[PDB]
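Asker: Per the entry's author numbering, residue 1 is the first one in the sequence shown, and the count goes up by one each step. Beta carbons are placed, not taken as given, at the ideal position from N, Cα and C, and that holds for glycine.
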Amino acid sequence: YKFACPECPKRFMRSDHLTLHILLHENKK
Numbered sequence: 001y002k003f004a005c006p007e008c009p010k011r012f013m014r015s016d017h018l019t020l021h022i023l024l025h026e027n028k029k
C-alpha cells in the first residue's frame, strides 16, 4: 500500500492508477 484515497478506504501501490480510481468519485449518491 503506497497511496490512500482521502474520501474512501482504497489503497494502491501506484499513484496514477490510484487516481484513475478516484475519477468515479466525482459522481456521488
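1. From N27 to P9, what does the alpha carbon distance come to, in whole angstroms?
2. Would you kindly work out how many angstroms separate the C-alpha atoms of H21 and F12, rounded to a whole number?
3. Taking the CB atoms as reference points, tell me whether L18 and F3 lie closer together than 8 Å.
4. Could you give the first and the last residue of the continuous alpha helix (DSSP H) run that contains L20?
Answerer: In short:
1. 17 Å
2. 9 Å
3. yes
4. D16 to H21
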